[PDB]
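K.L.:
My questions all concern the structure below.
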Amino acid sequence: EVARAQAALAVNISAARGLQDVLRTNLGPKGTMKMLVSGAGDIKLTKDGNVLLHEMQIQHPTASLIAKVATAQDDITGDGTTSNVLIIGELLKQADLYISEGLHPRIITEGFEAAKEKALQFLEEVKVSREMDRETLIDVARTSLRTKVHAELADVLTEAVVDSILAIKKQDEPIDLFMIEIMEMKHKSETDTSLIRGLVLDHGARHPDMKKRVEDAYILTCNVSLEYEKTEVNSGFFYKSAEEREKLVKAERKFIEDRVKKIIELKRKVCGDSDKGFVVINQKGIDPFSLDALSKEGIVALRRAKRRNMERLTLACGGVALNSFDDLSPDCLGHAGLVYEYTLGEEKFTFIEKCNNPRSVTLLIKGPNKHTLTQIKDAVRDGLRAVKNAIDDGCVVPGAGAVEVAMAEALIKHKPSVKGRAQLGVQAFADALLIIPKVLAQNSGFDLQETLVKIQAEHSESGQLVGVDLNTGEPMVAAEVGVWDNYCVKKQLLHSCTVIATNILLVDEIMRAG
Amino acid sequence: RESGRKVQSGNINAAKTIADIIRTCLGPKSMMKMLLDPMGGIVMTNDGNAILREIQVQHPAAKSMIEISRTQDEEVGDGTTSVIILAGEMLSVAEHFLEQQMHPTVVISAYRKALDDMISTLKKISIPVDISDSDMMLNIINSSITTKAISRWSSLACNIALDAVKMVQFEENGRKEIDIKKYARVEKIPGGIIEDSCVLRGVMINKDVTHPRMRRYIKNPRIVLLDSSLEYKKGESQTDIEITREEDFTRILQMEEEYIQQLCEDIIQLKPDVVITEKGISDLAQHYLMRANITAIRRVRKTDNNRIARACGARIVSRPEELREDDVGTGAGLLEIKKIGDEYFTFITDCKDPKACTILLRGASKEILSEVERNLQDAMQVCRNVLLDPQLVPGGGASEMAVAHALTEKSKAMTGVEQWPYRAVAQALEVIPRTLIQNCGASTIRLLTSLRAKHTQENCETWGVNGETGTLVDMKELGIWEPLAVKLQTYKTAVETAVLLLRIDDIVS
Amino acid sequence: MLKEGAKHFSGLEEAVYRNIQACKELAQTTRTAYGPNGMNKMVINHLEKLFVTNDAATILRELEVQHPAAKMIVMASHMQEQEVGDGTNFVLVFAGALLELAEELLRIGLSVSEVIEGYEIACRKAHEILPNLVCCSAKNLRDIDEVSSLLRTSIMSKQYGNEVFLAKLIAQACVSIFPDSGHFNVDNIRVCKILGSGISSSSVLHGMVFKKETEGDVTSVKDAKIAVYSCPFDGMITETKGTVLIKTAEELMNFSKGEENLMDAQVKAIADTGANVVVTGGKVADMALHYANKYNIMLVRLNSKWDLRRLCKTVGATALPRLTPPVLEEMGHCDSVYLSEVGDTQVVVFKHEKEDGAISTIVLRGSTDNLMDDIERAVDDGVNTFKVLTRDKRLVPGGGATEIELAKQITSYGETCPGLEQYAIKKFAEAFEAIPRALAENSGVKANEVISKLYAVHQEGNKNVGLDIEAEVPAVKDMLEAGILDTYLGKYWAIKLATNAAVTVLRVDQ
Amino acid sequence: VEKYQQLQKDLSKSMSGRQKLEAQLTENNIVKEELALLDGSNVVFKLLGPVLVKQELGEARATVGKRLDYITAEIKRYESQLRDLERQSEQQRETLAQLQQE
């Protein structure tokens with residue numbers, strides 16, 4: 001069968017509320033985390049709109065539809081995902097209210113478009129430039145993490161947040177594709193996020209007394225085997241006949257023993273001095289007497305690293321992907337102003353740091369070693385994704401729904417279309433705006449309206465952006481509050497808001513097909 | 001087995017319920033359709049065709065609609081979404097009256113008595129467009145390519161379709177086949193950008209060219225099509241026993257060689273350098289072409305050679321034993337194998353045959369290439385439509401309410417039984433107003449009146465409603481245009497189907 | 001939810017009600033499980049193997065729940081029993097009654113973030129007076145009576161009766177030799193029980209007890225280097241296949257003949273490797289024995305991993321199956337390697353002892369291991385509370401007697417601070433009486449009887465109860481002045497960890 | 001594994017001269033010819049044993065008819081051991097393949 005006429009709509013918009021509902025506080029300092037033992041069945045913990053989407057198994061088609069378009073804006077924002085979900089249903093109801101009143105959804109969709117642009121047009125009006133400084137970096141990083149985690153954990157991380165982004169402005173890079181190298185430490189304590197302007201490896205391998213403190217860092221990061229498979233292989237796995245698998249292994253340890261001697265002069269060519277520290281990093285294992293005799297050379301050596309690490313160390317340390325243990329150039333082999341193999345818990349974590357490139361930069365979170373440790377991780381990365389937008393645009397604006405009322409004050413009063421047919425969609429459009437501040441505040445405190453009129457009146461007074469104080473549920477000017485949206489996010493949202501809320505408003509049917 | 005008034009009503013239901021949802025998806029203003037699957041597959045489309053695929057049909061009328069849907073899709077690929085909206089109406093209108101007024105037959109003949117009055121009205125409302133003015137084509141094209149809502153780099157490359165298709169317009173059959181699209185053979189270029197995407201003459205040969213097989217750049221020397229019939233003859237015209245032992249290797253493979261060397265000469269005699277030989281090549285046929293240092297390009301496909309037979313526009317050799325430069329390598333010709341982005345691209349150009357031109361498609365990626373080509377595909381189809389009939393017609397209900405009157409005027413005139421089928425068929429024309437009044441979201445019944453009021457004097461000549469403007473409008477003031485080609489086609493198409501399903505009362509296992 | 005999609009475990013009832021269910025539902029048995037108790041709670045495995053624990057974990061880790069919060073909060077109880085010791089039952093039992101308060105604040109309709117902070121500032125307000133409620137500390141590990149008291153409340157709040165005798169035993173376990181200066185061996189001293197004798201005969205041995213049977217002539221020296229091997233003699237039966245199975249059927253037979261020469265050369269190599277004790281997780285056999293009698297090495301006939309791993313750990317050894325003559329990467333860490341008969345049973349006794357790095361292996365004895373296993377549970381309470389790593393542990397009165405100290409104040413401080421906040425602060429300090437009530441109702445008397453007296457006695461640190469007759473009527477036992485105290489640390493984590501999850505779990509609508 | 005190759009020699013064993021037959025089989029048609037082609041013009045001999053046996057047409061006529069039939073007969077003896085050896089080595093293939101992989 002099929003669902004046509006209104007039925008192609010209701011089920012979609014009816015699904016778009018409880019969806020919108022549960023995460024109504026996933027957001028802002030009022031935001032509340034959710035778990036899943038349900039969707040993927042595991043023990044899971046998450047706060048974000050798009051992120052809690054995918055984790056569930058969502059059999060309602062619309063629930064999967066926003067996840068796509070939200071992910072687009074989710075990428076750069078990392079917050080407002082949960083937000084954009086909320087205004088769309090807030091929009092869908094009014095349009096539904098029109099079709100409930102009765103009306104044509106496409107002329108209603110037609111009613112969004114001027115209003116959207118008018119709001120977009122208003123969005124550059126309301127975008128106020130706070131250029132990039134740690135304050136704007138703080139207040140956006142926290143308001144993102146105040147959204148994503150505790151304002152406590154926000155300001156706990158807001159240091160670590162601005163930590164890496166200082167060197168990405170050294171990169172002059174409006175985005176962070178590195179310094180986003182994050183290490184998650186085994187500890188009891190969540191809150192500890194350690195800035196390392198180099199990388200961290202969990203390695204330093206299997207051997208101590210390698211001079212795990214390396215002041216002159218010369219890094220060979222290699223995939224060469226100082227250790228390797230003992231497993232039976234002929235074609236690469238167990239062969240039908242047994243014996244031909246055997247002839248391979250007797251060249252392994254000999255190859256490894258030889259490369260030890262190759263590192264000797266590779267220590268002597270490069271350094272000749274144990275006082276000049278040399279670092280090997282193997283992507284594979286390393287036999288003990290390798291590291292042991294490599295410890296004899298004044299070399300620390302790290303078996304079994306990762307591709308990012310190799311490259312990040314190739315980057316941060318000015319290091320290498322170089323493949324050999326034979327005598328190589330020290331200038332090739334990268335450098336860090338300091339290197340140490342650090343131990344918290346069981347594993348010895350090499351802190352490599354003051355690296356030639358302060359490019360891939362460790363923010364090292366300690367933690368309970370849980371989904372909680374997984375939880376505290378994902379947010380700060382998005383806390384950046386907030387402030388990168390702040391780094392992106394010059395315009396950083398008061399958050400907590402400060403922009404929303406002024407638009408409804410801007411838009412509706414004079415008809416932005418000067419035309420009711422669109423004003424229909426406009427009146428629908430400018431109601432979507434208000435939910436997030438008024439739903440969070442009323443969740444966090446005093447209501448939508450009696451709070452609205454306070455945010456309204458002060459907007460109606462000033463037109464200045466008075467946001468919400470979510471510490472109460474009452475309005476304040478979100479400039480001073482520090483909760484600060486950028487122009488980017490709010491720019492991006494109407495795009496992700498409208499275009500998805502339109503084409504689905506114009507579904508003329510839905511059918512199980514094949 | 002399914003039979004009878006059921007299938008009769010079933011001829012209604014299927015084509016009806018098909019056409020029903022789809023008019024909302026018609027028009028530049030269009031109301032999209034959602035799909036879901038028990039598989040979970042979700043589809044948001046204004047595209048009937050794409051819909052017409054993933055949907056299921058448990059009735060062969062619903063199945064044969066897909067057939068006649070692909071008919072217009074075989075033809076163009078647009079208006080298919082439109083054609084279904086016509087007959088689905090018709091059977092849903094005339095039949096239940098007129099089949100309970102008892103006949104398959106009356107409206108059948110009246111379907112023709114419908115088909116002509118359109119053509120009649122078409123000779124008025126459709127007014128000629130010239131291919132000399134690009135915009136005069138391109139405004140239809142700009143309207144046709146914005147149908148799929150990419151005006152960006154499609155439009156400027158639609159000039160290339162406005163050129164390539166128009167410049168592969170050729171082959172008068174004496175009733176003049178020339179109006180056409182297909183002879184335009186798209187180029188695929190990694191790298192470049194639709195900006196620098198521009199026609200070269202004949203057919204630009206991408207397909208078999210990942211690398212030069214034909215020199216590098218050839219200007220005068222003739223690009224030459226050798227077509228089968230290059231296999232040896234060990235006898236005069238015959239073939240005797242082949243190589244077996246010592247001197248047969250000599251004698252026989254020599255017997256093979258002379259006949260081909262004899263075939264070879266006639267190629268070299270017309271001065272080639274590159275020679276493209278499709279299948280049916282001898283290594284004997286190449287090596288004397290190698291003895292003349294004239295590259296013989298072997299075992300390459302037919303359309304590609306027909307592209308090349310359209311690229312220098314030479315023919316394909318029908319008597320490879322007696323060869324002419326008039327046969328292959330005509331004119332001066334050109335052959336140019338160019339790396340643009342990744343791939344070497346053979347350009348066989350300076351075409352004889354009336355020009356010929358193919359769309360150079362250069363995207364940065366193949367995506368930014370493809371987005372253009374898909375809307376380009378509208379132009380090159382509308383180009384051939386402008387080539388077919390170069391009479392631009394006012395869009396919207398301009399043709400609809402026009403023919404409706406003229407049909408009901410033909411009802412007033414003929415005053416027979418088929419007057420009622422007219423008033424049944426003339427009722428089908430109002431779809432576009434209803435479709436557009438839907439897609440604008442206005443009130444039809446006033447605009448129905450107002451368009452009859454537009455016909456009451458203007459005859460709805462250029463005046464339909466355009467839901468995209470939302471109002472009843474001259475389509476000259478909106479510049480909305482289509483060739484009489486595309487109109488009658490789509491018009492006639494479902495009329496045939498309106499006959500078709502109405503013919504069918506019976507299914508038997 | 002409302003839709004085809006959204007697989008969700010929480011929200012509405014689930015969030016409001018059903019979370020609080022498994023909150024109070026699991027908080028049920030911990031009401032009986034912390035504070036002086038004998039409470040018999042009979043837990044059998046998927047083996048359906050009879051046991052009774054007075055510590056929540058063996059109940060908790062036993063259980064299975066689809067509630068992640070209830071499945072989470074145990075990790076705080078873990079984090080308790082990880083960082084700390086008895087008081088692990090306290091973790092769960094506290095929050096559950098505290099959590100109901102929030103849902104009744106939701107019966108009031110109070111906002112989450114508003115109830116969230118009320119527990120928290122009050123917690124740091126509880127953590128404010130918590131050091132103010134430090135009464136004594138644990139003066140000397142060297143003082144048995146300091147450690148007995150340390151072990152007393154430990155064992156008590158699991159098992160009240162066996163308390164002091166064990167508390168005198170494992171205090172005289174002289175784990176004091178570990179200064180608690182930042183070194184104490186928890187596992188290297190671990191109990192090895194003796195099935196048989198008495199649980200009063202249960203004592204402490206110093207040096208590693210291994211109840212497993214000595215084989216071979218006992219170690220040629222003491223400090224004997226220790227060959228710890230998974231199967232050095234399993235027999236000469238093949239160790240050699242990737243799946244440890246047959247390749248062709250003729251291999252198992254050759255292991256009978258050259259067994260001698262192997263079990264000669266092998267334990268000869270054990271005599272050659274310097275190990276005068278080779279530890280065989282595989283079977284002892286006569287030829288090994290006979291040759292280990294010629295070579296006078298003590299075979300350790302069969303091994304648990306707990307044997308092996310500890311020997312892999314404490315000796316620095318690596319347990320490996322052997323057929324060929326083996327070698328020592330292992331050697332000893334142990335400076336005295338004994339066969340002693342303790343519990344009257346032959347007991348392999350390894351010994352090396354240091355202020356840091358000693359092995360003092362408590363030898364429990366008793367008629368039933370289902371005794372000592374829960375005894376060890378009750379015993380490990382103090383083994384934990386040994387490790388605080390402040391020797392002077394800033395003891396606050398144990399047994400929840402110093403609760404009402406906080407309870408009165410924070411809730412009086414409750415109205416001090418205002419608003420929807422103040423209730424959660426007031427609610428925060430109302431969850432104290434739970435454990436005493438829970439305990440006093442293990443002795444069968446309500447809180448209000450008891451607690452209004454704890455309200456009447458006001459500022460003591462002294463009064464609390466829950467297994468006794470003084471538990472019943474008077475609401476006066478000294479869970480301070482009678483020798484029951486508890487370190488700031490545990491009592492910190494008692495409040496701290498019971499603070500954490502209760503708030504954090506409140507967020508989830510899924 | 002030897003199990004793959006084990007019975008294939010015993011197989012091709014019975015196949016070996018069976019193939020040789022099938023040329024003789026073809027030439028048994030030819031000796032039927034060359035017996036029918038010999039009316040006695042030049043002597044006809046079954047060569048059997050290191051002794052040359054003086055022979056006749058009718059002595060070799062049934063014979064070459066018997067030979068051709070018999071030269072079809074060593075076909076079936078292999079056809080016996082054909083599906084003996086190829087089939088059991090078909091089971092053996094998986095037997096010690098995984099065990100040696102194991």
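By order of appearance in the structure tokens: chains A, B, ..., then residues from 1 within every chain, and ligands from 1 in the order shown.
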Residues near residue 9 (chain A), anyone? I mean within 9 Å using only C-alpha atoms, not counting same-chain ones fewer than 4 positions away, as a list in words.
P.N.:
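Listing them by chain and then by number gives residues 3, 4, 5, 13, 14, 96, 504, 505, 506, 507, 508, 509 and 510 of chain A.
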K.L.:
Using only C-alpha atoms, determine which residues lie at most 6 Å from region 55-61 of chain A, disregarding the query and same-chain residues fewer than 5 positions distant; provide the list as a PDB file with C-alpha atoms, in the first residue's frame.
P.N.:
```
ATOM      1  CA  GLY A  39      20.170   1.039  18.962  1.00  0.00           C
TER       2      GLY A  39
ATOM      3  CA  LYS C   3       8.079   6.308  14.932  1.00  0.00           C
ATOM      4  CA  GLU C   4       9.318   3.210  13.162  1.00  0.00           C
ATOM      5  CA  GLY C   5      12.797   4.271  14.230  1.00  0.00           C
ATOM      6  CA  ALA C   6      14.693   5.345  17.318  1.00  0.00           C
ATOM      7  CA  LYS C   7      15.681   2.283  19.330  1.00  0.00           C
TER       8      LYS C   7
END
```
K.L.:
Hey, what's within 10 Å of residue 375 (chain C) if we count only C-alpha atoms and toss same-chain stuff fewer than 4 positions away? As a PyMOL selection string, please?
P.N.:
chain C and resi 52-54+155+158-159+162-163+166+193+199+364+369-371+379-381
K.L.:
Take the selection from the previous step and output its residues with C-alpha atoms, as a short mmCIF file (atom, residue, chain, number, x, y, z; two decimals), in the first residue's frame.
P.N.:
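File again_18.cif, as written:
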```
data_model
loop_
_atom_site.label_atom_id
_atom_site.label_comp_id
_atom_site.auth_asym_id
_atom_site.auth_seq_id
_atom_site.Cartn_x
_atom_site.Cartn_y
_atom_site.Cartn_z
CA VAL C 52 27.49 -15.97 49.83
CA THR C 53 29.02 -12.50 49.63
CA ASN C 54 28.63 -9.56 51.96
CA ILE C 155 35.66 -6.83 58.12
CA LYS C 158 30.99 -6.94 55.86
CA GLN C 159 31.16 -9.48 58.69
CA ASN C 162 34.73 -12.67 62.66
CA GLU C 163 35.87 -9.03 62.68
CA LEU C 166 40.84 -11.67 61.65
CA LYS C 193 43.34 -20.67 52.04
CA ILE C 199 39.09 -20.65 60.29
CA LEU C 364 43.76 -19.18 55.83
CA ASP C 369 36.41 -23.02 51.18
CA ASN C 370 32.95 -21.47 50.84
CA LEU C 371 33.90 -20.09 54.24
CA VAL C 379 39.35 -10.08 54.78
CA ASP C 380 40.23 -8.21 51.58
CA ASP C 381 38.17 -5.36 53.02
#
```
K.L.:
Would you return as a short mmCIF file (atom, residue, chain, number, x, y, z; two decimals) with N, CA and C atoms, in the first residue's frame the members of region 328-365 of chain A that DSSP assigns to strand (DSSP E or B) on this structure's backbone?
P.N.:
```cif
data_model
loop_
_atom_site.label_atom_id
_atom_site.label_comp_id
_atom_site.auth_asym_id
_atom_site.auth_seq_id
_atom_site.Cartn_x
_atom_site.Cartn_y
_atom_site.Cartn_z
N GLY A 334 63.66 12.95 11.99
CA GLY A 334 63.15 14.21 12.50
C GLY A 334 63.57 14.51 13.92
N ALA A 336 62.62 16.58 17.81
CA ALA A 336 61.74 17.16 18.81
C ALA A 336 62.61 17.79 19.88
N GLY A 337 62.19 18.95 20.38
CA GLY A 337 62.95 19.60 21.43
C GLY A 337 63.05 18.78 22.70
N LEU A 338 62.07 17.90 22.93
CA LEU A 338 62.14 17.00 24.07
C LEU A 338 61.36 15.74 23.72
N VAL A 339 61.83 14.61 24.25
CA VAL A 339 61.15 13.33 24.09
C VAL A 339 61.24 12.58 25.41
N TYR A 340 60.11 12.05 25.87
CA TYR A 340 60.12 11.21 27.06
C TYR A 340 59.07 10.12 26.96
N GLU A 341 59.41 8.94 27.48
CA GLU A 341 58.48 7.82 27.57
C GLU A 341 57.84 7.85 28.95
N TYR A 342 56.56 8.22 28.99
CA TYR A 342 55.85 8.51 30.23
C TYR A 342 54.95 7.34 30.56
N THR A 343 54.74 7.09 31.85
CA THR A 343 53.94 5.96 32.29
C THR A 343 52.87 6.43 33.26
N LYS A 348 53.68 2.41 28.90
CA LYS A 348 54.61 3.53 28.90
C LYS A 348 54.36 4.39 27.68
N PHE A 349 53.82 5.59 27.89
CA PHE A 349 53.42 6.49 26.82
C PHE A 349 54.58 7.44 26.53
N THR A 350 55.13 7.36 25.32
CA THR A 350 56.18 8.30 24.93
C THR A 350 55.57 9.67 24.68
N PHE A 351 56.04 10.66 25.42
CA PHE A 351 55.71 12.04 25.12
C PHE A 351 56.82 12.63 24.27
N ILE A 352 56.50 12.84 23.00
CA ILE A 352 57.41 13.44 22.04
C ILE A 352 56.84 14.82 21.80
N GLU A 353 57.69 15.83 21.74
CA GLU A 353 57.22 17.17 22.07
C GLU A 353 58.31 18.20 21.79
N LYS A 354 57.89 19.46 21.73
CA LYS A 354 58.72 20.53 21.19
C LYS A 354 59.19 20.14 19.79
N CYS A 355 58.36 19.36 19.11
CA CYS A 355 58.73 18.75 17.84
C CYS A 355 58.92 19.81 16.77
N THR A 362 49.38 16.78 20.59
CA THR A 362 48.59 15.92 21.46
C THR A 362 47.87 16.75 22.51
N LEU A 363 46.55 16.60 22.55
CA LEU A 363 45.76 16.91 23.73
C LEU A 363 45.45 15.58 24.39
N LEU A 364 46.09 15.32 25.52
CA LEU A 364 46.05 14.00 26.14
C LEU A 364 45.02 14.00 27.25
N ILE A 365 43.89 13.35 27.01
CA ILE A 365 42.86 13.22 28.02
C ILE A 365 43.14 11.97 28.83
#
```
K.L.:
Nearest to chain D among A:314, A:235, A:417, A:295, with distances taken over only C-alpha atoms: which residue is it?
P.N.:
A:235
K.L.:
Using only C-alpha atoms, find the residues of chain D whose closest atom to chain A is at most 6 Å away, then write them as a list in words.
P.N.:
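Applying the cut-off to the listed atoms yields residues 1, 97, 100 and 101 of chain D.
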K.L.:
Output the selection as a PDB file, in the first residue's frame - N, CA, C and O atoms for each residue.
P.N.:
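Done, and the output landed in again-v2.pdb:
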```pdb
ATOM      1  N   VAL D   1      48.994 -31.577  -1.138  1.00  0.00           N
ATOM      2  CA  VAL D   1      49.064 -32.735  -0.256  1.00  0.00           C
ATOM      3  C   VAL D   1      49.193 -33.993  -1.104  1.00  0.00           C
ATOM      4  O   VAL D   1      48.651 -34.059  -2.208  1.00  0.00           O
ATOM      5  N   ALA D  97      44.856 -31.820   4.086  1.00  0.00           N
ATOM      6  CA  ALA D  97      45.059 -30.409   3.787  1.00  0.00           C
ATOM      7  C   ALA D  97      44.891 -29.559   5.040  1.00  0.00           C
ATOM      8  O   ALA D  97      45.787 -28.789   5.401  1.00  0.00           O
ATOM      9  N   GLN D 100      47.343 -30.494   8.033  1.00  0.00           N
ATOM     10  CA  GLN D 100      48.634 -29.841   7.862  1.00  0.00           C
ATOM     11  C   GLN D 100      48.509 -28.330   8.016  1.00  0.00           C
ATOM     12  O   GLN D 100      49.438 -27.670   8.494  1.00  0.00           O
ATOM     13  N   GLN D 101      47.360 -27.767   7.633  1.00  0.00           N
ATOM     14  CA  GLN D 101      47.085 -26.370   7.953  1.00  0.00           C
ATOM     15  C   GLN D 101      46.891 -26.176   9.450  1.00  0.00           C
ATOM     16  O   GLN D 101      47.225 -25.120   9.998  1.00  0.00           O
TER      17      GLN D 101
END
```
K.L.:
Given only C-alpha atoms as the basis, pick out the residue of B:302, B:366, B:29, B:352 nearest to chain A.
P.N.:
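Checking each candidate against chain A, we get B:29 as the closest.
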K.L.:
Quick one: of A:116, A:230, A:385, A:308, who's nearest to chain C, counting only C-alpha atoms?
P.N.:
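Closest to chain C of all the choices is A:230.
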K.L.:
Once you count only C-alpha atoms, which residues of chain A turn out to be within 10 Å of chain C? Could you give them as a PyMOL selection string?
P.N.:
chain A and resi 11-12+14-19+22-23+25-26+29-47+52-64+188+231-232+368+370-372+442-445+470-472
K.L.:
Taking only C-alpha atoms into account, what are the residues of chain C at most 8 Å from chain D, put as a PyMOL selection string?
P.N.:
chain C and resi 241-243+247
K.L.:
Quick one: everything within 9 Å of residue 273 (chain A), counting only C-alpha atoms, minus sequence neighbours fewer than 4 positions away in the same chain. Send it as a PyMOL selection string.
P.N.:
chain A and resi 267-268+277+297-298
K.L.:
With a distance cut-off of 6 Å and only C-alpha atoms, select the neighbouring residues of region 130-137 of chain A, excluding the residue or stretch itself and same-chain residues fewer than 4 positions from it, and output the selection as a list in words.
P.N.:
residues 141, 387, 391, 394, 395 and 396 of chain A
K.L.:
Hey, which bits of chain B sit within 12 Å of chain C, and for each residue what's the closest pair of atoms and how far apart in Å (one decimal), counting only C-alpha atoms, rows by chain and increasing number, as JSON lines?
P.N.:
```
{"residue": "B:36", "atom": "CA", "partner": "C:4", "partner_atom": "CA", "distance": 11.8}
{"residue": "B:38", "atom": "CA", "partner": "C:4", "partner_atom": "CA", "distance": 11.4}
{"residue": "B:40", "atom": "CA", "partner": "C:4", "partner_atom": "CA", "distance": 11.0}
```
K.L.:
Could you write out the selected residues, including N, CA and C atoms, as a compact mmCIF listing (two decimals), in the first residue's frame?
P.N.:
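The result, written out as out.txt:
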```txt
# COMPACT_ATOMS: atom_id res chain seq x y z
N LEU B 36 9.72 4.87 0.40
CA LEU B 36 10.39 4.06 1.41
C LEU B 36 10.35 2.62 0.95
N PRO B 38 10.57 -1.58 2.42
CA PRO B 38 10.87 -2.53 3.48
C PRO B 38 12.35 -2.82 3.58
N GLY B 40 14.19 -0.26 3.27
CA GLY B 40 14.61 1.01 3.81
C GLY B 40 14.96 2.06 2.78
```
K.L.:
Give me the residues within 10 Å of residue 476 (chain B) as a list in words, counting only C-alpha atoms and dropping any in the same chain fewer than 6 places off.
P.N.:
residues 393, 394, 395, 462 and 463 of chain B
K.L.:
Could you take the residues named above and write them with N, CA, C and O atoms, as an mmCIF file, in the first residue's frame?
P.N.:
```
data_model
loop_
_atom_site.group_PDB
_atom_site.id
_atom_site.type_symbol
_atom_site.label_atom_id
_atom_site.label_comp_id
_atom_site.auth_asym_id
_atom_site.auth_seq_id
_atom_site.Cartn_x
_atom_site.Cartn_y
_atom_site.Cartn_z
ATOM 1 N N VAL B 393 6.592 26.867 -28.733
ATOM 2 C CA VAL B 393 5.171 26.961 -28.386
ATOM 3 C C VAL B 393 5.050 27.552 -26.987
ATOM 4 O O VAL B 393 5.891 27.285 -26.123
ATOM 5 N N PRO B 394 4.058 28.389 -26.732
ATOM 6 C CA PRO B 394 3.837 28.856 -25.365
ATOM 7 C C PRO B 394 3.502 27.698 -24.441
ATOM 8 O O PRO B 394 2.658 26.854 -24.750
ATOM 9 N N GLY B 395 4.168 27.662 -23.302
ATOM 10 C CA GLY B 395 3.971 26.615 -22.316
ATOM 11 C C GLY B 395 2.693 26.796 -21.531
ATOM 12 O O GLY B 395 1.815 27.585 -21.894
ATOM 13 N N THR B 462 -1.004 32.445 -26.434
ATOM 14 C CA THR B 462 0.164 32.317 -25.577
ATOM 15 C C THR B 462 -0.196 32.215 -24.101
ATOM 16 O O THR B 462 0.692 32.085 -23.253
ATOM 17 N N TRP B 463 -1.485 32.237 -23.774
ATOM 18 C CA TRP B 463 -1.916 32.322 -22.380
ATOM 19 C C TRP B 463 -2.326 30.950 -21.871
ATOM 20 O O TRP B 463 -3.390 30.437 -22.217
#
```
K.L.:
For residue 205 (chain A), please output as a PDB file with C-alpha atoms, in the first residue's frame all residues within 9 Å (counting only C-alpha atoms; exclusion window: fewer than 5 positions along the same chain).
P.N.:
```pdb
ATOM      1  CA  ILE A 281      59.898   4.032  15.746  1.00  0.00           C
ATOM      2  CA  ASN A 282      58.775   0.785  14.180  1.00  0.00           C
ATOM      3  CA  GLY A 285      57.294  -5.222  16.517  1.00  0.00           C
ATOM      4  CA  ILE A 286      60.926  -5.057  17.572  1.00  0.00           C
ATOM      5  CA  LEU A 291      65.891  -2.578  21.509  1.00  0.00           C
ATOM      6  CA  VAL A 300      65.134   4.758  22.338  1.00  0.00           C
ATOM      7  CA  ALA A 301      63.098   2.764  19.830  1.00  0.00           C
ATOM      8  CA  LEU A 302      59.338   2.398  19.505  1.00  0.00           C
ATOM      9  CA  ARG A 303      57.869  -0.749  17.970  1.00  0.00           C
ATOM     10  CA  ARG A 304      54.371  -0.896  16.476  1.00  0.00           C
ATOM     11  CA  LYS A 348      54.609   3.527  28.904  1.00  0.00           C
TER      12      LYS A 348
END
```
K.L.:
Quick one: distance from CA of residue 455 (chain C) to CA of residue 32 (chain C) in Å, one decimal?
P.N.:
22.5 Å
